[PDB]
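First, one chain by itself: the form solved without this ligand, in structure tokens.
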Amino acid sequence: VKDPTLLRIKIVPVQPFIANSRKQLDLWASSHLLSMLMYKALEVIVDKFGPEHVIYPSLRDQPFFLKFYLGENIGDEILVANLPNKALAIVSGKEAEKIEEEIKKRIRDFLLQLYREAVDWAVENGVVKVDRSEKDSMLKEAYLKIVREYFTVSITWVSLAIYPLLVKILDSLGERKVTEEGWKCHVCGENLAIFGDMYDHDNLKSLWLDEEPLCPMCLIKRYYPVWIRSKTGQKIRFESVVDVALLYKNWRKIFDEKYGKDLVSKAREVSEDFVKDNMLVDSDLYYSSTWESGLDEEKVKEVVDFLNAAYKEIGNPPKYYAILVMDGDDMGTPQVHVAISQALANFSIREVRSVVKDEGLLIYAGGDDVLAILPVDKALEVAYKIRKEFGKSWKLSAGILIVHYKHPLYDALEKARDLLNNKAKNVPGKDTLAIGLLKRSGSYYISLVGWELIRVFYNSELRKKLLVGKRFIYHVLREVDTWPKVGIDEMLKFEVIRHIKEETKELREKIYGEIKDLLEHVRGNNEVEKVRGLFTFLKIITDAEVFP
């Protein structure tokens, strides 16, 4: 209509914006902000035409639009990032470039507004710990330039059966129109820290919240959650990975319910600086080790002892958490495009949220992609359920990295990604879950399994009987360390007999059967690889440091 023309928007950071996150809050803010940029982009198209002009993503149920456009109060549903960094729409030929420069302008202006607000906020609350009339010093054109040039917005359009050809034309010409375009800070470390020119290093570090001289973009990342709290009334329930870890078997709920106030008291009794608003200032303070180590001694001893007694009664505290990353297999005629986009939107916005919350933290769900932080006891069932919904609403691969709470976030993320792309997606036929466990010890276990293994195993008397040995797993694992000379079946039978009341005839009978079934859904070229994968999986889910 009015010279119908297909338009494509691609927003990309010139640095690994999201991937550089040093903290859970930073990851959430990264993703949320990207989705937000795309929101501003799309606001122009909606303003000029309307929501039905945007083919992908479908705006039908989009929380950012319901909240920021229509003013509906959706509450905490605003906290998930649902908008991808790529979009296409139908517009009239004449509006095209106008829309282009308007989208660019609105994104620039939005980012600059956030930078300004964020500097005010930094000075007022003293993250930058310098004098209030030195605000101007931070608006020095260098920093603004960094904020302006950080995101590349590629807008392309072509005039309008062969539609599927010109969509890829826009993919191409767009992948063209993108590429052409002191001491760097302590979070990302790609770009210059603020005051990273004028001052000298050791001196510089002391200007900052704790020894951490943010760049303008990381400054923005840090303000953004208070900004969102301003606009909405909402903030993510779990601020750090430890708050997610602690949801294992309701550990933190239970501890809170019984010993919580006492713990806050003994913590405060150590120092008023460990407590804010009648709760621990950092959740890693639920760990004895944090007191025995990190960074009055008799009061800290009192706390350590109180916690240790607590563990004896309620069980040891979970230190591990799971990163779930999922991507649709082999995914890259307008009616069917709209129907596809509506199906993807409904998967992303409704189904995924429906399974995840409140059991964990859903960071991003958009297109064929999911990113989420989960307690270790929920990861498998959540992954599985999301795959089921995807198949109801067609294949999907996932990496799951189970990791120690002290592990650097960005490295854990790079690893989860690496499980997804470099492992699961290199299986013939794909449709695979790749599970990693990285122990604090530095030891790393991987198991590649088909989605059905989770079902079959959940339904098995074997799972039940494992909560018959943990030494069993160790023994057959030491058998497939390098292969058994007698072969795989003989080895299994033997170790089963060994690790198991004539009634056991049944048990050994059944278990050996189930195992065989399970070996069906473990990925590998040969039976020994399948046994290694399956028993690595079992070692992973039986691990007592990981599952206390």
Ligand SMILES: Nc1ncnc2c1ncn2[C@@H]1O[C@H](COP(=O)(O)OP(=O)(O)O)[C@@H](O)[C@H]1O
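We number the residues from 1 along the sequence you see. We call the rigid core whatever largest set of C-alpha positions still superposes within 1.5 Å between the two forms.
Form deposited with this ligand bound: not shown, discussed below.
- Only one segment in the set 104 to 112, 126 to 134, 308 to 316, 362 to 370 has residues whose heavy atoms sit within 4.5 Å of this ligand in the deposited bound form; it is 362 to 370.
- In the deposited bound form, this ligand lies farther than 4.5 Å from every heavy atom of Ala41.
- Although the partner is absent from this view, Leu83 contacts this ligand in the deposited bound form, with a non-hydrogen atom inside 4.5 angstroms.
- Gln62 falls outside the set of residues with a heavy atom inside 4.5 Å of this ligand in the deposited bound form.
- By the criterion of a heavy atom within 4.5 Å, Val522 is excluded from the residues contacting this ligand in the deposited bound form.
- For the residues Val54, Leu518, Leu34, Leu492, the 4.5 Å heavy atom test against this ligand in the deposited bound form is passed only by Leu34.
- Interface residues of 151 to 187, taken as those with a heavy atom within 4.5 Å of this ligand in the deposited bound form (partner not displayed), are absent.
- Comparing the forms between this form and the one not shown on their rigid core, the Cα displacement of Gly524 stays under 2 Å.
- Whereas the shown form places them at one spacing, the Cα atoms of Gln15 and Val147 lie at least 3 Å farther apart in the deposited bound form.
- In summary, the C-alpha positions of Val14 and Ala142 diverge in the deposited bound form, ending up at least 3 angstroms farther from each other than in this conformation.
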